[PDB]
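For reference, the structure is listed below as structure tokens.
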Amino acid sequence: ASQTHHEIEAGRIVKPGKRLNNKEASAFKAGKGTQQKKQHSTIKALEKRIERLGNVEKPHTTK
RNA sequence: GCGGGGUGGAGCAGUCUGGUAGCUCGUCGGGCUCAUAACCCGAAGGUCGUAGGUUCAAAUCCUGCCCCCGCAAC
RNA sequence: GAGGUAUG
RNA sequence: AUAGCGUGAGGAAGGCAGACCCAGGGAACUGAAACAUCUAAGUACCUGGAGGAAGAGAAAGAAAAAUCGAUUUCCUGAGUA
RNA sequence: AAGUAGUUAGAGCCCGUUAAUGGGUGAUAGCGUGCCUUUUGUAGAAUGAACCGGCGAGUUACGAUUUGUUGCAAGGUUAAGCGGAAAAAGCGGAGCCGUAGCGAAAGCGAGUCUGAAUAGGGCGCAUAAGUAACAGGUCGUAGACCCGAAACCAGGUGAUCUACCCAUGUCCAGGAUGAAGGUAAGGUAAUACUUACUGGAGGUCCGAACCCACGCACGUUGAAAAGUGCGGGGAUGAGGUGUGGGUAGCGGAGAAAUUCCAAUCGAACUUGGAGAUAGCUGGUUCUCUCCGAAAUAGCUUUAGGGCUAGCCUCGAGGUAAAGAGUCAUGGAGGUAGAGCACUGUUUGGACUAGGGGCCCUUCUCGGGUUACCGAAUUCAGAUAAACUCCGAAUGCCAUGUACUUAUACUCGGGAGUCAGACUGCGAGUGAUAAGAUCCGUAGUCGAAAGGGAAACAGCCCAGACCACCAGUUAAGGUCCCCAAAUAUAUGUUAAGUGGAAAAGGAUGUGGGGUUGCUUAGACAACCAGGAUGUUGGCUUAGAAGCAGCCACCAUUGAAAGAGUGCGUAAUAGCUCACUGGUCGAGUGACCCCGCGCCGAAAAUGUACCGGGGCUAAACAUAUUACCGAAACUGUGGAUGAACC
RNA sequence: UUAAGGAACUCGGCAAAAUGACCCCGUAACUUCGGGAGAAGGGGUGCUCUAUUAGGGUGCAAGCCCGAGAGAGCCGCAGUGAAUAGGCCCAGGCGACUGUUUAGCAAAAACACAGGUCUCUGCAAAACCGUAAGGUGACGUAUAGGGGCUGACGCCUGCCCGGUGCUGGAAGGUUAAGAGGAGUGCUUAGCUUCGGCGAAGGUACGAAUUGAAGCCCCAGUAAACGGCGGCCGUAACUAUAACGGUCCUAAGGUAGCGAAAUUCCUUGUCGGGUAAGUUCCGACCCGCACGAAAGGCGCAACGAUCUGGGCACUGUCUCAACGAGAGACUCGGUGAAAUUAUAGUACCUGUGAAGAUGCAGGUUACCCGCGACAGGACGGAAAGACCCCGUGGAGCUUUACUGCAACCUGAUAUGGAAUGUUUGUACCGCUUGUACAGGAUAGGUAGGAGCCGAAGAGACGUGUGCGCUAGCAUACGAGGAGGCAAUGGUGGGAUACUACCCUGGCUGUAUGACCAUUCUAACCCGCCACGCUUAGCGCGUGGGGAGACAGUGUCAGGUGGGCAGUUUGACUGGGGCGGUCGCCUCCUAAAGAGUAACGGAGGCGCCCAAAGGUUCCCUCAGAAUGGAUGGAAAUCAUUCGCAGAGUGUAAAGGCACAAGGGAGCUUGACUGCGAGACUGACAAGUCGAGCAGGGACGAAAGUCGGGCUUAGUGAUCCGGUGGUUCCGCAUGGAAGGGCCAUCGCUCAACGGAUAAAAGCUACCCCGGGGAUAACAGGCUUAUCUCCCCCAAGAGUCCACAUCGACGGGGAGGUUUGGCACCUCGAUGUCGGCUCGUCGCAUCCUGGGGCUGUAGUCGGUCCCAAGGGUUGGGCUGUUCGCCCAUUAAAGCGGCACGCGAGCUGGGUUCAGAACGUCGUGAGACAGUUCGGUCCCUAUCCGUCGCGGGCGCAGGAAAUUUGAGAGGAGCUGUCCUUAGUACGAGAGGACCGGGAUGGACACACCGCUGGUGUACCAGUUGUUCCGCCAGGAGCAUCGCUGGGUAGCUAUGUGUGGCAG
Ligand SMILES: [K+]
Ligand SMILES: [K+]
Ligand SMILES: [K+]
Ligand SMILES: [K+]
Ligand SMILES: [K+]
Ligand SMILES: [K+]
Ligand SMILES: [K+]
Ligand SMILES: [Mg+2]
Ligand SMILES: [Mg+2]
Ligand SMILES: [Mg+2]
Ligand SMILES: [Mg+2]
Ligand SMILES: [Mg+2]
Ligand SMILES: [Mg+2]
Ligand SMILES: [Mg+2]
Ligand SMILES: [Mg+2]
Ligand SMILES: [Mg+2]
Ligand SMILES: [Mg+2]
Ligand SMILES: [Mg+2]
Ligand SMILES: [Mg+2]
Ligand SMILES: [Mg+2]
Ligand SMILES: [Mg+2]
Ligand SMILES: [Mg+2]
Ligand SMILES: [Mg+2]
Ligand SMILES: [Mg+2]
Ligand SMILES: [Mg+2]
Ligand SMILES: [Mg+2]
Ligand SMILES: [Mg+2]
Ligand SMILES: [Mg+2]
Ligand SMILES: [Mg+2]
Ligand SMILES: [Mg+2]
Ligand SMILES: [Mg+2]
Ligand SMILES: [Mg+2]
Ligand SMILES: [Mg+2]
Ligand SMILES: [Mg+2]
Ligand SMILES: [Mg+2]
Ligand SMILES: [Mg+2]
Ligand SMILES: [Mg+2]
Ligand SMILES: [Mg+2]
Ligand SMILES: [Mg+2]
Ligand SMILES: [Mg+2]
Ligand SMILES: [Mg+2]
Ligand SMILES: [Mg+2]
Ligand SMILES: [Mg+2]
Ligand SMILES: [Mg+2]
Ligand SMILES: [Mg+2]
Ligand SMILES: [Mg+2]
Ligand SMILES: [Mg+2]
Ligand SMILES: [Mg+2]
Ligand SMILES: [Mg+2]
Ligand SMILES: [Mg+2]
Ligand SMILES: [Mg+2]
Ligand SMILES: [Mg+2]
Ligand SMILES: [Mg+2]
Ligand SMILES: [Mg+2]
Ligand SMILES: [Mg+2]
Ligand SMILES: [Mg+2]
Ligand SMILES: [Mg+2]
Ligand SMILES: [Mg+2]
Ligand SMILES: [Mg+2]
Ligand SMILES: [Mg+2]
Ligand SMILES: [Mg+2]
Ligand SMILES: [Mg+2]
Ligand SMILES: [Mg+2]
Ligand SMILES: [Mg+2]
Ligand SMILES: [Mg+2]
Ligand SMILES: [Mg+2]
Ligand SMILES: [Mg+2]
Ligand SMILES: [Mg+2]
Ligand SMILES: [Mg+2]
Ligand SMILES: [Mg+2]
Ligand SMILES: [Mg+2]
Ligand SMILES: [Mg+2]
Ligand SMILES: [Mg+2]
Ligand SMILES: [Mg+2]
Ligand SMILES: [Mg+2]
Ligand SMILES: [Mg+2]
Ligand SMILES: [Mg+2]
Ligand SMILES: [Mg+2]
Ligand SMILES: [Mg+2]
Ligand SMILES: [Mg+2]
Ligand SMILES: [Mg+2]
């Protein structure tokens, strides 16, 4: 869920607000790209933590 | 576009592990009652969204489509 | 005789 | 009685040559084209002891059908095992 | 009068030399965007340098390998050490290399290992030159080419700044407010309680000194490495300050900000390990001569690094001369194209299993069936990177004795390269865009000067050893800038097209090809008629030549359509078609070719031929001269390889 | 200092102005009853006389100081006359407060605070520093001390203990070192024949059993970490749901508050305030995503806090003017710096590493300077801090990896004496022995035919014990000899009795473990008395206390970000996400081979004991009919049929004289190898006739070293297994190794870094790069804007007045984008201010054509760039909405013009906080508060001023005018004429004239401003010796005026007519 949350954030990082101007928005494209990168890094860190949880197996319900 | 799901009327399982249709509420009928409810007695109602596949056989395994709830996009 | 100890 | 205290006879204390050696303690940078075993390295550095040298040293040894005869240093063995 | 500052031509002026086709200056004319670095590419609006001078970067030891030289040669050589002048011999043969290899080894031995093998094959021998020393090249270990990190570790120095604290001192003008408490009067049964007075509390108020630092301005190569001025907060308290002291970096102090620990703090300063390491950038100093790349493959914790190969150079080899080019001949191959013989996509037609409906019915069983669809089947015709019955050119493999020509291969030493750029051709991605990107192919640049494209890496022509006040030529050009034709002949163009841009529009202009009418009279104008039954016949407020629907004939006449449009309630009127008179020669319709026009507009200043300016100095066709390069030649010099 | 206005400025009332002192009157909501409060709002202040004053202080008195009201007057614009000395009010958020904080960008809503709460701690406290001693704590003692959280006060603080931590438990499971030492190998004295067997001892390795804490487990615990849900339906209907059902939960958010320091949509809606309000106040509640000690809600006082409004005040502004002084300027003296390749350093257009002082072509331009401005020199400074890269670094975090301290725990040594429980082991005794069938309570082996017994048998009676609840044994009373077996049957087995056993159970002994209690002599005492000794250290002596515990050492397990060292991929039309990474097949791939891309399509990580080998045999798909279930299509007959089938599996190639299908026999799915080729960097992969060995099939020829072919896989290193005429560190062995065969890799990031590895950085750093991004430029032009072709149609009709579908073509280079070509040894960003300039695709004015143009007004289109093209509210804002005007309120280019010209609100520097995501460090084109914009102008250029020379003599004046700049705008009213036109409503063209706005120029006579060497008034104090008159300083002291000069807001004129 947090991973979806950071995906939403990352997609928003690079779409400028209505309040902005073209020329003004164009100046922070790169820093917003790096914010986006940081979000993606958070995502990959979450995936690593999920791996570190393990492949816990559902218990066996004998038929 | 990404997730959940689609199984009698409602909500939920059952799927992963192919042969098994289930729990609660409800519905219909007959009793009790002056009558309704509650209670007691029985019964019905699902081909598991859909079209095709695999299999001896599919709710169940594979594929495409169509719908609903969320989240995004817009 | 007094005092007390489900619905219409 | 010992502790302690006092007296006397000796002795030490400290320094250096930013060198050489003996011990105690002991890194990391680096290299491995990361890195942790490993390396760098028992190096640098601290400290203690010294002496003109120190250390080692007179086989509980090295070796092999043949024996050699205390230690040390050099050449080789060898960049071999 | 601009001009990488000179150069080449060159007057005039002035001097007189290492005397030699001399010196200094230079009006003027032509040409001309520094050096270095890194780059596909730099005048570069990329980097570096103020200038001048000095210093400042491949070295030494030891080892490996190879080349050359010398000595001995199946042998060669000594190391330490004795000796001795910090010598030279002599001694020293221990050891090292080579002479025999093969095998994991035992072991066998010109053979050996594998293997059952006597087979074959691997490695060797056959097929015999090494060794010691010197020098050159390179490699390795060492800082190893020079400079350069941020950081790490170890030993110490620092709390005279600053944080916190310890003890001891000291400072806070003046004013204001008026807590608790207390006393007295009133009040009460007694308390409450009220009023006054007293009192002097407070992280209290106001406000200087003191401390701080909120705002603004100025300063900002400052008066000052944090201040100045004007205002501002606290100012008896969690106060300010002095003196002396403590806490020390794997740490301490923190009313806590990553704050402070001597102008240094996400871990001080100094010294040492230490020339850390740096696949990174920068730099790396004299000359000429010969040859001369690459920006690719593959692998890579790899992508701006490296390694091997491909490409360069040097040397030596070997010959059944193997290279390159063309000719001939023989072959693989399935592209372009073409085709439909399969597979897909598809158009039209024939025809239909089947589905939907109207239904007749009816246990909706089966029919009437519907063009409402319709699997398929079949006929003709289209289409294809991942379709092919077919199938080239080229390119490739080879053969040859053909005919030219100059390499190719092998071994060894030494590298550098692994960012590539445009252009043309073929394909992708892309948008059939990009100076985009990615392959293939060839070329140029890179690493290439020169002539032409105005200027211009990458286009066109073409390859600079040197000199020459010689010649012929290429591309491109010949009126002037600007060298050479105001060239020759025939035509086109009228826009400055040339010297920009589309669909599309257009009686532009020229040339062809057709076709109709026509001196028994065309076209064009002018004039006259243009009728009638019926107003065709319905509708409507209208339709009555000319809203719509259908019907679309007849009469006379030279002609007239049951009328081509404007218009009306429809009339009406304007008019058309058609007819005749007048006139007197070409006239109207199409298709193609060429050259032009409109479409067509942008931002400092004409500004889309380099400019002037050209109507030929443009375009097409053909031709003849000339200019024009560092090309080629001529003349003379220097030089490399091969052969003489 | 300023006319008039007065916040229109602006991010914002920044700054400035205004207030200001003493006395008096008077003073609100609210309030924690202290305050608010100097609230606010207003008045008076001078001098003289009454006045040695009423009255006070002092004093023996004389005298000397303080000076209360009042009247009566005097003068000024003004009487704290100067200087010094609060601006106030309303509303709101936050934090209660005073205080502290990032020395040198942040003063705050952050820290602290008192207060609350949890928690721990019995004193040699806990916690901390340190190796330890020793100390703080504390010279204290649970009303004390440490840590965590919250943050005055008021009302309150809800549910959840499933997880995670913390506490406690104590039965079991798992769990070490150590203890134990069953056994196994090797060795060999002998035994054996070779092979081999093998005692003792030594040696290598070692199983059982034992073995703590922790963990698993159970309770509890939330002011501990933390968490606080969905779906369907339901009211007489319109909506919604008080109500019901059901899943999941550990439990599903209580109060209170709420577009919030939190609300995206969102400038939400409504209301208020304003002409106009993205801000503000109050309410609403779809709370994207409040919420109860990460505290909730509220709140007086406080605040250099943030926010909104108002009164006053003002040069903030409309829109600037004057004055003073300091620089600047000239003279004299003295005398740097950053920088610098050399320089004789123009403009346009273009080209060019795509933005030229220096190139080209044109145009301008005499030489040398001075003062001023800053467009450019991609100017200077600072080897970009953004971005990317580097197998670079530091700091931080954690359930990344590996470790370390520290603690907990156990064994063992220091370190011994008893007693006792509970198990264990061995021995003596005594009881124990039931499947079934069978007389019935059969343990086994053997003997066994007789055996026991009056010195006490069977049987009877009683109790006790067992137990299969049948009965067995055991003792006790009487009694006194009799019983049972053999035999038979039952059965695996026989009964009597005898012995040796086994299985348990009990007593007794003897050994040997664990645990507990006690003792005391080791050790310890941060207890006392004494002594050394003037000593709160130490040591000794005597008591007292703990005591085999503690502590220390060695070993071992656990916990362990408290501390440490490190890791945390590459390609990539920037990086990142997504995807991919190795092998096979096609297309691309351009007819040999090869050939790239984040180019288009698919597959693989197997299977088959027949799906192989051979020998023999035959041949498919599909259609046409004929036919019973049976049909579109099962199976059958005939015909057609080069393959339209199948080929284990993707595709390509190939195959019907099989490589496709059956059957038989079999295992060549063999061992050794292999001339030679393919491919190829290497590693490797591929094909291979044939030789030998020994076989299978077939009569034989001959074929067969897997499958029609092409994928089906992974190095070494290290281990394991089997085998071997190999080695075996003195010899014999052995261990250990080699050699051959084989095994163990989603080492799939597949030529594999290590056995073993994730993250934050907004506190950051270094080396590099325009090889690589963000701004700007350049190329392109899908898009964007603009223009047009066609013309169905709309428009009573009528395509083309005005629009114009389906489709089509272009221009431009303002948008979104693509490319990555200059610049990373610095090319500064949005918005605004100053200044503008250019284009035209013209907004207004001007001219005109068409009109579905009556007139007025208008629509559309052509020519035109001369001039003009507003001021405010909200927001940082461009944009946009609104108010009000205008003739009109143009679109765009210039590094979306302009930061060596200014601002610096926003943003993305460090602080802090909200909500949210994260265990966390931390982060968010989510928000909020707060926050350092350096430079002395060399050259060109620009604006002005001079010097030099020339202009064929040297001078003085006046001048033509090439050429060049400037200006160029426009409304309203009257009239024409209420004429034309119109049914009316309405209402012109053209023309004539008057008066204005904005703008420019000039000037100061007027209105005003300024006027620091003019005049006056006046305060305090010093001086001129005193009075008087004057002077100095106090912003020129303040104040009232004001000359010249300068000047606008004032006046004159202008753009007329052409
Ligand atoms: K000695
Ligand atoms: K051989
Ligand atoms: K210092
Ligand atoms: K709300
Ligand atoms: K400038
Ligand atoms: K840059
Ligand atoms: K500028
Ligand atoms: Mg089923
Ligand atoms: Mg009732
Ligand atoms: Mg390393
Ligand atoms: Mg320049
Ligand atoms: Mg420089
Ligand atoms: Mg120099
Ligand atoms: Mg010190
Ligand atoms: Mg105070
Ligand atoms: Mg105060
Ligand atoms: Mg001050
Ligand atoms: Mg104060
Ligand atoms: Mg002081
Ligand atoms: Mg001090
Ligand atoms: Mg911080
Ligand atoms: Mg070192
Ligand atoms: Mg260095
Ligand atoms: Mg050459
Ligand atoms: Mg083709
Ligand atoms: Mg093809
Ligand atoms: Mg390119
Ligand atoms: Mg090419
Ligand atoms: Mg190069
Ligand atoms: Mg050239
Ligand atoms: Mg040229
Ligand atoms: Mg060049
Ligand atoms: Mg040449
Ligand atoms: Mg010639
Ligand atoms: Mg000429
Ligand atoms: Mg030549
Ligand atoms: Mg004023
Ligand atoms: Mg005034
Ligand atoms: Mg305003
Ligand atoms: Mg404004
Ligand atoms: Mg202010
Ligand atoms: Mg505060
Ligand atoms: Mg500060
Ligand atoms: Mg500050
Ligand atoms: Mg507290
Ligand atoms: Mg202690
Ligand atoms: Mg707090
Ligand atoms: Mg526990
Ligand atoms: Mg604001
Ligand atoms: Mg709570
Ligand atoms: Mg304060
Ligand atoms: Mg000056
Ligand atoms: Mg740099
Ligand atoms: Mg760490
Ligand atoms: Mg390291
Ligand atoms: Mg990368
Ligand atoms: Mg090919
Ligand atoms: Mg041995
Ligand atoms: Mg790889
Ligand atoms: Mg922050
Ligand atoms: Mg850097
Ligand atoms: Mg670039
Ligand atoms: Mg760009
Ligand atoms: Mg640029
Ligand atoms: Mg520079
Ligand atoms: Mg610069
Ligand atoms: Mg126009
Ligand atoms: Mg605002
Ligand atoms: Mg505004
Ligand atoms: Mg700009
Ligand atoms: Mg700006
Ligand atoms: Mg500049
Ligand atoms: Mg700001
Ligand atoms: Mg932010
Ligand atoms: Mg801000
Ligand atoms: Mg200046
Ligand atoms: Mg100057
Ligand atoms: Mg005047
Ligand atoms: Mg005076
Ligand atoms: Mg006087
Ligand atoms: Mg004075």
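Residue numbering restarts at 1 for every chain of the structure tokens, chains are lettered A, B, ... in their displayed order, and ligands are numbered from 1 as they appear.
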_If you run DSSP on the backbone here, which positions in chain A get alpha helix (DSSP H)? Please write them as number ranges by chain._
A: 2-12, 22-25, 29-53
Selection file, N, CA and C atoms, as a compact mmCIF listing (two decimals), in the first residue's frame:
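The new file part00.txt reads:
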```txt
# COMPACT_ATOMS: atom_id res chain seq x y z
N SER A 2 1.82 1.32 0.91
CA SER A 2 2.77 2.43 0.89
C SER A 2 3.50 2.53 -0.44
N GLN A 3 3.74 1.40 -1.07
CA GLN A 3 4.42 1.37 -2.35
C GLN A 3 3.54 2.00 -3.43
N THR A 4 2.25 1.69 -3.41
CA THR A 4 1.31 2.40 -4.28
C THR A 4 1.23 3.88 -3.94
N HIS A 5 1.35 4.22 -2.66
CA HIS A 5 1.30 5.61 -2.24
C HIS A 5 2.46 6.40 -2.82
N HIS A 6 3.66 5.84 -2.72
CA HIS A 6 4.83 6.50 -3.27
C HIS A 6 4.82 6.49 -4.79
N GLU A 7 4.20 5.51 -5.42
CA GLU A 7 3.98 5.58 -6.86
C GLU A 7 3.08 6.75 -7.25
N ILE A 8 2.03 6.99 -6.48
CA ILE A 8 1.15 8.12 -6.77
C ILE A 8 1.90 9.42 -6.60
N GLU A 9 2.62 9.55 -5.48
CA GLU A 9 3.46 10.72 -5.27
C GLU A 9 4.40 10.94 -6.44
N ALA A 10 5.19 9.93 -6.78
CA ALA A 10 6.15 10.02 -7.87
C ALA A 10 5.51 10.46 -9.17
N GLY A 11 4.32 9.97 -9.47
CA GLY A 11 3.66 10.43 -10.66
C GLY A 11 3.23 11.89 -10.57
N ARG A 12 2.99 12.36 -9.35
CA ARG A 12 2.55 13.74 -9.18
C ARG A 12 3.72 14.73 -9.15
N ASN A 22 4.59 28.00 -17.13
CA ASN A 22 5.46 27.15 -17.93
C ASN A 22 6.92 27.40 -17.61
N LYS A 23 7.34 28.66 -17.72
CA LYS A 23 8.74 29.03 -17.54
C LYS A 23 9.20 28.74 -16.12
N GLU A 24 8.35 29.00 -15.15
CA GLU A 24 8.67 28.77 -13.75
C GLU A 24 8.76 27.28 -13.44
N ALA A 25 7.87 26.49 -14.03
CA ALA A 25 7.89 25.06 -13.79
C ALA A 25 9.10 24.43 -14.43
N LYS A 29 12.28 21.12 -13.05
CA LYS A 29 12.10 19.80 -13.64
C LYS A 29 13.10 18.79 -13.10
N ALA A 30 14.36 19.21 -12.97
CA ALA A 30 15.41 18.27 -12.60
C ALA A 30 15.35 17.92 -11.12
N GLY A 31 15.14 18.90 -10.27
CA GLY A 31 15.01 18.62 -8.86
C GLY A 31 13.78 17.81 -8.53
N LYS A 32 12.72 18.00 -9.29
CA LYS A 32 11.55 17.16 -9.14
C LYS A 32 11.82 15.76 -9.67
N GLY A 33 12.63 15.65 -10.71
CA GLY A 33 13.09 14.34 -11.13
C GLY A 33 13.83 13.61 -10.03
N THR A 34 14.59 14.35 -9.24
CA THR A 34 15.32 13.71 -8.15
C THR A 34 14.42 13.35 -6.98
N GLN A 35 13.43 14.18 -6.71
CA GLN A 35 12.40 13.79 -5.76
C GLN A 35 11.72 12.49 -6.17
N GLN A 36 11.35 12.40 -7.45
CA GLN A 36 10.77 11.20 -8.02
C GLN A 36 11.69 10.00 -7.84
N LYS A 37 12.97 10.21 -8.09
CA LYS A 37 13.98 9.17 -7.90
C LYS A 37 14.02 8.70 -6.46
N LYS A 38 13.95 9.63 -5.52
CA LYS A 38 13.96 9.27 -4.12
C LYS A 38 12.75 8.42 -3.77
N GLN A 39 11.61 8.76 -4.34
CA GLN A 39 10.41 7.96 -4.14
C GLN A 39 10.59 6.54 -4.64
N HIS A 40 11.07 6.40 -5.87
CA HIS A 40 11.34 5.09 -6.43
C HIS A 40 12.33 4.30 -5.57
N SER A 41 13.29 4.99 -4.97
CA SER A 41 14.24 4.31 -4.10
C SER A 41 13.56 3.80 -2.85
N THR A 42 12.63 4.58 -2.33
CA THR A 42 11.84 4.13 -1.19
C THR A 42 11.08 2.87 -1.54
N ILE A 43 10.52 2.84 -2.74
CA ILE A 43 9.81 1.68 -3.24
C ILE A 43 10.70 0.45 -3.24
N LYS A 44 11.87 0.56 -3.87
CA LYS A 44 12.77 -0.58 -3.93
C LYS A 44 13.20 -1.03 -2.55
N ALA A 45 13.35 -0.09 -1.62
CA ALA A 45 13.67 -0.46 -0.25
C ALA A 45 12.54 -1.25 0.38
N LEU A 46 11.30 -0.87 0.09
CA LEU A 46 10.16 -1.63 0.58
C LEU A 46 10.15 -3.04 0.01
N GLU A 47 10.42 -3.18 -1.28
CA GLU A 47 10.51 -4.50 -1.89
C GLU A 47 11.58 -5.36 -1.22
N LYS A 48 12.73 -4.78 -0.92
CA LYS A 48 13.75 -5.53 -0.20
C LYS A 48 13.25 -5.97 1.16
N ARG A 49 12.52 -5.11 1.86
CA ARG A 49 12.01 -5.50 3.16
C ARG A 49 10.99 -6.62 3.04
N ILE A 50 10.20 -6.60 1.96
CA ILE A 50 9.25 -7.66 1.73
C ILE A 50 9.98 -8.98 1.49
N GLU A 51 11.03 -8.95 0.68
CA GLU A 51 11.88 -10.12 0.53
C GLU A 51 12.39 -10.60 1.88
N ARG A 52 12.81 -9.68 2.74
CA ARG A 52 13.34 -10.06 4.03
C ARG A 52 12.27 -10.55 4.98
N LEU A 53 11.00 -10.31 4.69
CA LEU A 53 9.95 -10.97 5.46
C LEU A 53 9.97 -12.47 5.25
```
Would you tabulate, counting only C-alpha atoms (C1' of nucleotides), all residues of chain B that have an atom at most 10 Å from an atom of chain A, showing the closest pair of atoms and their distance in Å to one decimal, sorted by chain then ascending number, as a tab-separated table?
```
residue	atom	partner	partner_atom	distance
B:2	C1'	A:4	CA	8.8
B:3	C1'	A:4	CA	9.8
B:16	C1'	A:58	CA	8.8
B:17	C1'	A:63	CA	7.2
B:20	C1'	A:63	CA	9.3
B:71	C1'	A:4	CA	8.6
B:72	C1'	A:8	CA	6.9
```
_Residues of chain F within 12 Å of chain A, counting only C-alpha atoms (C1' of nucleotides), as a ChimeraX atom specification_ = /F:264,267,278,386-388,398-400,568,574-578,758-761,773-776,815-816,828-831,875-880,896,906-908,916-919,922-926
*Find the residues around range 792-806 of chain F up to 10 Å (only C-alpha atoms (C1' of nucleotides) counted), leave out those fewer than 3 positions away in its own chain, and share them as a PyMOL selection string.*
(chain E and resi 547) or (chain F and resi 850-853+859-860)
_Report as a PyMOL selection string all protein, DNA and RNA residues lying within 8 Å of range 557-562 of chain F, evaluated on only C-alpha atoms (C1' of nucleotides), omitting residues in the same chain fewer than 2 positions from it._
chain F and resi 176-177+213-214+398+408-409
*For ligand 6, collect every residue having any atom at a distance of at most 9 Å from a ligand atom (counting only C-alpha atoms (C1' of nucleotides) and all ligand atoms); output as a list in words.*
residues 384, 770, 823, 824, 826 and 827 of chain F
_At a cut-off of 10 Å and counting only C-alpha atoms (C1' of nucleotides) and all ligand atoms, what residues surround ligand 11? Please answer as JSON, numbers by chain._
{"E": [43, 44, 45], "F": [345, 356, 357, 358, 377]}
*Using only C-alpha atoms (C1' of nucleotides) and all ligand atoms, find each residue with an atom at most 7 Å away from ligand 34 and format the answer as a ChimeraX atom specification.*
/E:472-473,626
Would you give me, as CSV, each residue of chain F having an atom within 10 Å of an atom of ligand 7, along with its shortest atom pair and that distance in Å to one decimal, using only C-alpha atoms (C1' of nucleotides) and all ligand atoms and sorting by chain and residue number?
```
residue,atom,partner,partner_atom_place_in_ligand_line,distance
F:374,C1',ligand 7,1 (K),8.6
F:375,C1',ligand 7,1 (K),7.2
F:376,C1',ligand 7,1 (K),8.7
F:895,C1',ligand 7,1 (K),9.7
F:897,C1',ligand 7,1 (K),9.9
F:898,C1',ligand 7,1 (K),6.7
F:899,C1',ligand 7,1 (K),7.4
F:900,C1',ligand 7,1 (K),7.7
F:901,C1',ligand 7,1 (K),8.0
```
*asked:* Residues contacting ligand 53 - anything with an atom at most 12 Å away, using only C-alpha atoms (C1' of nucleotides) and all ligand atoms - can you give me those as JSON, numbers by chain?
replied: {"E": [47, 280, 281], "F": [382, 383, 384, 385, 766, 767, 768, 769, 770, 824, 825, 826]}
